[PDB]
Chemist: 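For reference, the structure I am asking about is given below.
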Amino acid sequence: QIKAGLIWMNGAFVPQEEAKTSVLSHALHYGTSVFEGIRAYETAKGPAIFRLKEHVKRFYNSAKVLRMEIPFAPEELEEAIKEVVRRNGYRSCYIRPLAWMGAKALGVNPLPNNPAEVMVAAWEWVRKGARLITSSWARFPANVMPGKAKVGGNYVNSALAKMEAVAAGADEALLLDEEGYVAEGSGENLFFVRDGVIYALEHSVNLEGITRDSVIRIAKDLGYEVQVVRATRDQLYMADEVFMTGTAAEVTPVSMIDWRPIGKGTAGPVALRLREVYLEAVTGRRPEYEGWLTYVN
Amino acid sequence: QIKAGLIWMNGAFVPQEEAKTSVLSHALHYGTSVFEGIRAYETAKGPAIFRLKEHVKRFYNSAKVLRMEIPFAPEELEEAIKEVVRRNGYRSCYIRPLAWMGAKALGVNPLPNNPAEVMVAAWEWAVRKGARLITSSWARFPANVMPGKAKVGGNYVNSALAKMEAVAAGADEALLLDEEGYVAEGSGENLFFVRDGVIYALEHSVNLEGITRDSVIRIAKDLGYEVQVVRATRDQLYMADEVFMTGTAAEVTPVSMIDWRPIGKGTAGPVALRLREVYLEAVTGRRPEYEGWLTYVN
Amino acid sequence: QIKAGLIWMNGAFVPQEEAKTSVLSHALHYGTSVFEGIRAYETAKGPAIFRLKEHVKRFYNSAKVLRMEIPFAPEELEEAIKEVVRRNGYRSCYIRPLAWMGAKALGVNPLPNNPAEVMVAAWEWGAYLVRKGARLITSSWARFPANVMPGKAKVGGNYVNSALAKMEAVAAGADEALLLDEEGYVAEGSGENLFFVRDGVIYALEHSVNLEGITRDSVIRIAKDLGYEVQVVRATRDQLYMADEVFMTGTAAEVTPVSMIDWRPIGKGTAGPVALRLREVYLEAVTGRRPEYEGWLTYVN
Amino acid sequence: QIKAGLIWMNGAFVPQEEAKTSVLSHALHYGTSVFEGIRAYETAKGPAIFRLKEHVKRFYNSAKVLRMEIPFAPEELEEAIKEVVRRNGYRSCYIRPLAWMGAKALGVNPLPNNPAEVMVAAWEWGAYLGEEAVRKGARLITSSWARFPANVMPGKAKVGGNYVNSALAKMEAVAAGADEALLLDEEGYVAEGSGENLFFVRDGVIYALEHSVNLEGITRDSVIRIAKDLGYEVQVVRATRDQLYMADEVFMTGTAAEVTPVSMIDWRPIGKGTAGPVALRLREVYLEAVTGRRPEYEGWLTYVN
Amino acid sequence: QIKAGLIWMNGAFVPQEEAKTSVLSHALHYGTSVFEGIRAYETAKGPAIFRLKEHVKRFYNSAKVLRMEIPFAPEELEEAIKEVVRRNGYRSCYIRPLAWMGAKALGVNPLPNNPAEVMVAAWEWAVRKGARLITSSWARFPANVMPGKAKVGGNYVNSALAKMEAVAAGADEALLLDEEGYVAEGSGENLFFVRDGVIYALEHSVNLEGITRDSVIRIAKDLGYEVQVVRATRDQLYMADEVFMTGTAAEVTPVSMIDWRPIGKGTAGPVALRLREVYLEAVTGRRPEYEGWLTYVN
Amino acid sequence: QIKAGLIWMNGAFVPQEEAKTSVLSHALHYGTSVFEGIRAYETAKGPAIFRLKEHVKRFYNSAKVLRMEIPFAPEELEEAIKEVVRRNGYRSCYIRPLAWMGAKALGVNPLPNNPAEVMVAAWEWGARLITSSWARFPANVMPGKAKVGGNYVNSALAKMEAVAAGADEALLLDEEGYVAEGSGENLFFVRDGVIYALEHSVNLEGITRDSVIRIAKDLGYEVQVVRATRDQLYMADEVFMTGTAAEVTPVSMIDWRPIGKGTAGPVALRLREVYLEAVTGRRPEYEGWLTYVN
Ligand SMILES: Cc1[nH+]cc(COP(=O)(O)O)c(CN[C@@H](CCC(=O)O)C(=O)O)c1O
Ligand SMILES: Cc1[nH+]cc(COP(=O)(O)O)c(CN[C@@H](CCC(=O)O)C(=O)O)c1O
Ligand SMILES: Cc1[nH+]cc(COP(=O)(O)O)c(CN[C@@H](CCC(=O)O)C(=O)O)c1O
Ligand SMILES: Cc1[nH+]cc(COP(=O)(O)O)c(CN[C@@H](CCC(=O)O)C(=O)O)c1O
Ligand SMILES: Cc1[nH+]cc(COP(=O)(O)O)c(CN[C@@H](CCC(=O)O)C(=O)O)c1O
Ligand SMILES: Cc1[nH+]cc(COP(=O)(O)O)c(CN[C@@H](CCC(=O)O)C(=O)O)c1O
């Protein structure tokens, strides 16, 4: 079981055992929910939530894609997110906001079910490099599933790929789009390095990662040249380095893809350095990035 | 609110109010659930569930796709489905079995959450004018993106988007095309068209293998119609003598217009209407040759 | 120049020189027209139009796709089609019915331009009545997906794709172009449907993104009547390269044996026995020499 | 009916009633024609045609795609385009040059029909002095018709046949209650409107869509230059429908559309739900440019008087 | 090392050691070769080659695709194939005929290199528990990218990549999907599935028109099975009662699992096992009805 | 026949007639080989191999895609490549390194056949294009970033088609309809003074393409990397191809439609001249790209 503790349920905190919803909820049957992944890191000045406003903005943006109505103002949700950390006495934790279509009706159309129900829960929270395998499941085309949003149903595609990779003996799955180009990991964005240049993948059908965005800024600040391009699986095979970014994965070096060693076959210097500086940034050690932090105290 | 009444929750019936699950359930966050749609009709011999066996079989098959483990034998679920009708005193109703990944963990990989939790709920459940459809701007998922042969919760985000669009456009239902441009299926039903006396069922492609579609093809052949299974384009439908949809909820529904273009005479056609009539006769227990499709609750 | 003669213009015949339309016509700028291609053959009983009703039905079906309103009943157009042959004294000829959006406005939306203007013209064709076989070349232009252009209708704009393919084929030294769909499978010729024969079996291609040819339909019925097994399938270019025979069908092409594709000889390298036989029977049918196919003919006199 | 007046027909102007062609013209049957869309605006120095040479260049480029021969030097067409404005006494008008394959033959191959016949027509265009419609923003709906792949129809050319695709999408959108259609390419990415190019704005940055299978808009080009001149950062990217749904602003550009703010797509409000400050500003400066009020953009204007 | 023995080289047999070609051969650089896979089985009347004529016909058909010229008459190759078996004293063996572009030049265009050089080699020649497959991340080539109806050397880079992936993942074979997401074929075999007693062969799509597939369909029909040819998705296979592959080397091989999802009972099924056994009886000369498919070497 | 002379075979030079391999070699049956194309030009200081380091790196990168093991260190291959020029007395030549899967087994899986066999041979060394009916392979069908033997069946089919159609070279589109590359060259086009290099997409990352971009930028030309359609090329002021063998080749016509003036344009001609000056060691700023054999 998950140790969440007090959970914010539509305006008020309640014990975990009470945070329940009808099994007739539209989202439990049709994947009609949206969520976010936000982290808080321990700093010298107490817990700090990383880029809270960008994550909340995306939460509401994801809802707009489903024409879902969130019956709370962003400011309220932001307060609830800060409270779920305080009330549970968390320091380093992962925060999971969730908006879903309730049980007013079960016709496939979700509009009659508005406004959505909302909740916020949270729980306490490489050298060799991660091993990836390209999935047999293609990332959804942009006119099939809304890839720029974190819609529950989207993750069926992520789930299928993740299970496949794990079953194949790898750590994570790398999905290609329907055209054969690299898209993203089941829950991460991808980058590769070649001849000193850092290449971030275009958005294509992927989620516009906030970690990806953060990584790019940091890389440029450190003096690296950054290019945004479309990439094939063999451009990664031949890269000096490859790494993934994501709220949970932070910056994760990738040492192998499809049993083919990337560069030296272990985490490379660029990825390790980016990961380290990113960690310094989220823990409040870089004044230049203080704007990204929200201290709960 | 939905008037379901007593709901079967993992082996036992409980009041609708007690039928709840954690908001940390994997399926609530990642669309990792499977469900079925089954109907019971009133007959002179009491309520009869239509093709219960095929529906339960597909329920388990859908789970297989997600590598989801349903901790109950098919027979148990079948008894539960009959009892949800009995205990609630239903005659004409829609039955909704649901299997979903619980709250053991929230990593995207659902395997650690097995076995799945299960519940069965049910609730009491123009035509000549014909239904009006509009082709959706959302394409049906390719066979290597989402498992279209299964009724996986997440799949219905695609259906929901198309349905909302169709309704917002003033139509009754959406018609989705696959990514290559061919007709696929409705947001919740299969498609057929008729041309020069020949009935054309659409290939399975990326669609669900409808049980109503299956029933309709058998009925059509029994009535003596030639049936061909083909791939179809939107303009083949525009030029057809008739078009109709099939589905557990839609039964056999004639389609009189698509994209503001009238189909044939612009109203329900004779073939679709005959198939609908025989189908209704079958599900209400008035066709001896199709009694094998019914499961009498009493 | 085209020797059309008397042309039916929205209800009445006028000399060719008078059959004109404004250069501001919607169809001249946006390809918003639909047309048909119908052949009339000289028979022992005078000119006979081949499957007139099927063509007229398709003409109206094509208009339906563009939400184009044709201000004439099918019966009126069929009478006009018969009359264009008679009034010009034609025997064997090609008939070109055309409906186009007029000059009421030039907004891209054609609806405000309804109803469409209509005309029926015809000219002598096939004044004389292959063994070497036609040479095809696979085009670099793909036949339009079914959600890009309405391939089941004969919409004017559709033929830009056909025109591009045909020019390419001729420039490459071939007789006709063979287009593939966007997925890579064989679709149809720039203006014909395709068939192939392998081990005695006749394979007609599925409709996919192609026009449902009336000649294709006729050839299939003829093949079955002759006792041939006919299968409808999806095909790749190399399935054709390896076939014993390949042939095209179309109102203008009739039944044309294909002896070479992409410089690779098909079977024996010349027209095969099956295609030649189907062609002979088809020609006997259209010229009124087959009682079993009289239903397909409409004698003008 | 269209009030065109005197029309330039293959070298000479004729009354509208006489500007006709045979119903056996190749282009009337097979969409084998090319055309342009050019605007003339009133200025303190009389009517000014916007980016005439760029439009004429595209006209001849479109013909090249069809292997169509235009039997007139670009200099002649440009003069005819000027004369069509003068002769008809127009101030604010839309100009429609057209080149189509004639009636020499009706084989699908158009080569035998060369050279193409040509005409230049024009009609008054009402100037908009209001603001409510503009500030309310246009409503778009994503079409069920995909924009043609680059190996199906030549999307960089203004070929008549191409517009069957645009027409089907426009009718659909209008029937759905929207003002315009937004077409996606076969892969699912945003392409362009039935007759406009698309842009979106996010966090102060202007994003122009890549050319992909779309027409390379001359208005799009002008808008990008204006934006850069005003100090905005402009990026060229590929976009999905949901990137537009969550953008701060979305707007269309086109000779007829000028710069049109888009406030809603698929019933989902864009940003504030009305025209945004960025699109409104670009429209403002664009209009000042075509009306001869921006000295820095005078090179784009051709005065007829 | 491969124990081939005497190899037929452009007209005459030579010791294996002498069966070599220039490293400047066009086919070694650009995949411009064609080949066949033919089997001989031991019968009561000595070695018998299975459907030699069809295989030779396909050999020349494949060459036609590359505009490759085989400087030998089919009858000559057929004799060479029979001789590679008897001169080596083989009973049960696999025969590999090969035609490749030589070292006349190395421009990518192979026409200047005609005619092709040809050789015929042969060597002495899962089913119990069923094979385990995994869907590849490499899509089968579209019909306008590589000629899938021909056995062109270059094509097998796609097969090789898929097979390596499947083996590295712990499976026996790879199942490739086409670019659209539908099931295509194995890296070296065709696919079939069984549902409710009905046998479903997959359409040719972008796959090779297998001779074993052809044989299997005829046998299945002769045995009274209903056989349908269709387009299939991965989940249609997941939900099938049985799945099996066919190929010259694979013969008829039952598939008990795909992507770690058990097929039906999770072991070789009865239909696949029966088709395999009847096929073996046919190739070993025990079924008079299929004698026409055999070419006795003695 | 090819006048190659002495060929480096797995560590040692041997006469051409002795450079042979078993007809049972995996690569001869399944296209499982990788190769390179390298040129040496005459200079005032003797023969110079152009960007040897980059070609060798790509060679090993190509093998990785097939999970092919090359039993020699890159430094060893470099020496062999230089030696093949020396020992044959070559000045202006084309060098063809090749690694292929041998005859240990003929199962489709190449792994059991490792390590690969390797050889290095060499021999003394506007355009009209036509768009091919064969599409360049998608990135999940064949590894387009590597020079794998099997990949060239697609190139061979397109080249034969172009030549049969009367053209000099074939222009392939990807499955989506966009321009990809030539059967053996990369493509660029010019419009209003701006040079447009095509994105890598499913193409090979040409070393000549890379060199041309640097040259262009040094000359002051603005260079943009974009995706392109066939009609963008039809409407361009110029079009040209780049490749080790093709160097910088102007394209005057595509699909019988003249490009711009219909003859080689000014930009392509200047890039060609600077490139030729560079490879022949007449450009000090580009000397880093040359490896002198003597
Ligand atoms: C498909 C997907 N792509 C990219 C990302 C990376 O985006 P960002 O987090 O904004 O940099 C994420 C979040 N991946 C979540 C994984 C869920 C888990 O608990 O595991 C995350 O990091 O919350 C995705 O789900
Ligand atoms: C995508 C889909 N396609 C086809 C069908 C038709 O299949 P069948 O029901 O076996 O004949 C259904 C069930 N559509 C469900 C929608 C009902 C609802 O209220 O939601 C149904 O009929 O249960 C689908 O969801
Ligand atoms: C794209 C197309 N495909 C198939 C056919 C064959 O259909 P059918 O004619 O019904 O059997 C035709 C008619 N081709 C007309 C135009 C050719 C011409 O220019 O002439 C025709 O034969 O009238 C087509 O235009
Ligand atoms: C498909 C298309 N796309 C983009 C554009 C925008 O391009 P530009 O005008 O060069 O900036 C146009 C011109 N749309 C013409 C016709 C539509 C109308 O009638 O209005 C136009 O605006 O003249 C198009 O037709
Ligand atoms: C791609 C492919 N598909 C289907 C087949 C099956 O076709 P058939 O053999 O005609 O029924 C084969 C032959 N696969 C050869 C590989 C064996 C080997 O690796 O050795 C075979 O069975 O000879 C293929 O290579
Ligand atoms: C498909 C392909 N694409 C692009 C290129 C250009 O890359 P580069 O050489 O690194 O700039 C080459 C090399 N073409 C080789 C083969 C041609 C030949 O057969 O000769 C070459 O030029 O060596 C290719 O084979």
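For ligands, and for the atoms within them, numbers begin at 1 and follow the listed sequence. Computation of the quantities below employed the complete heavy-atom set of this structure, encompassing side-chain atoms and omitting hydrogens, waters and symmetry-equivalent molecules. A, B, ... follow the sequence lines: proteins, then strands. Residue 1 opens every chain.
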Chemist: Is it the case that ligand 6 has an N or O less than 3.5 angstrom from some N or O of F:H55?
Modeler: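 For ligand 6, there is no N or O atom that lies under 3.5 Å from one belonging to F:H55.
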Chemist: Can you find an N or O of B:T212 that's nearer than 3.5 Å to an N or O of ligand 2?
Modeler: yes
Chemist: Examine the proximity of ligand 2 to B:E189 and report which part, side chain or backbone, both or neither, has a heavy atom under 4.0 Å away.
Modeler: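 Backbone only.
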Chemist: Would F:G182 count as being in polar contact with ligand 6, using the rule that some N or O on each side must be under 3.5 angstrom apart?
Modeler: no
Chemist: Any nitrogen or oxygen of B:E185 lying under 3.5 Å from a nitrogen or oxygen in ligand 2? Just yes or no.
Modeler: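 Indeed, backbone or side chain, B:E185 has an N or O that close.
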Chemist: Within the structure, does B:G188 bring an N/O atom to less than 3.5 angstrom of an N/O atom in ligand 2?
Modeler: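 Looking only at distances, the answer is yes, because the N/O contact criterion of under 3.5 Å is met.
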Chemist: Report the nearest protein non-hydrogen atom to atom 18 (C) of ligand 4: residue, atom name, distance rounded to 0.1 Å.
Modeler: D:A256 CB, 4.1 Å
Chemist: May I ask you to decide whether B:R276 forms a salt bridge with B:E251, counting only side-chain N to carboxylate O separations under 4.0 Å?
Modeler: yes
Chemist: With only distance considered, is B:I211 within less than 3.5 Å of ligand 2 through an N or O on each side?
Modeler: yes
Chemist: Using a heavy-atom cut-off of under 4.0 Å, does the side chain or the backbone of D:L215 touch ligand 4, or both, or neither?
Modeler: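 Side chain only.
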Chemist: For ligand 2, find out whether one of its N or O atoms is nearer than 3.5 Å to an N or O atom of B:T248.
Modeler: yes
Chemist: Geometry only, no angles: is D:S194 polar-contacting ligand 4 at N/O separations under 3.5 Å?
Modeler: no
Chemist: Report yes or no: does a heavy atom of D:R147 sit under 4.0 Å from some atom of ligand 4?
Modeler: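 Yes, D:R147 has a heavy atom closer than 4.0 Å to ligand 4.
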Chemist: Heavy-atom contact under 4.0 Å between F:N186 and ligand 6?
Modeler: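 The answer is yes: ligand 6 sits under 4.0 Å from a heavy atom of F:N186.
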Chemist: State the atoms of ligand 6, each with its element, that fall below the 4.0 Å cut-off from a heavy-atom position in F:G206.
Modeler: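 Those of ligand 6 that fall under 4.0 Å from F:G206 are 7 (O), 8 (P), 10 (O), 11 (O).
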Chemist: Inspect the contact between F:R58 and F:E205 and indicate whether a charged nitrogen and a carboxylate oxygen are less than 4.0 angstrom apart.
Modeler: no
Chemist: Looking only at protein heavy atoms, identify the closest one to atom 23 (O) of ligand 6 and say how far it is in Å.
Modeler: F:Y94 OH, 2.6 Å
Chemist: Got an N/O contact under 3.5 Å between F:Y152 and ligand 6?
Modeler: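 So ligand 6 has an N or O lying under 3.5 Å from an N or O of F:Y152.
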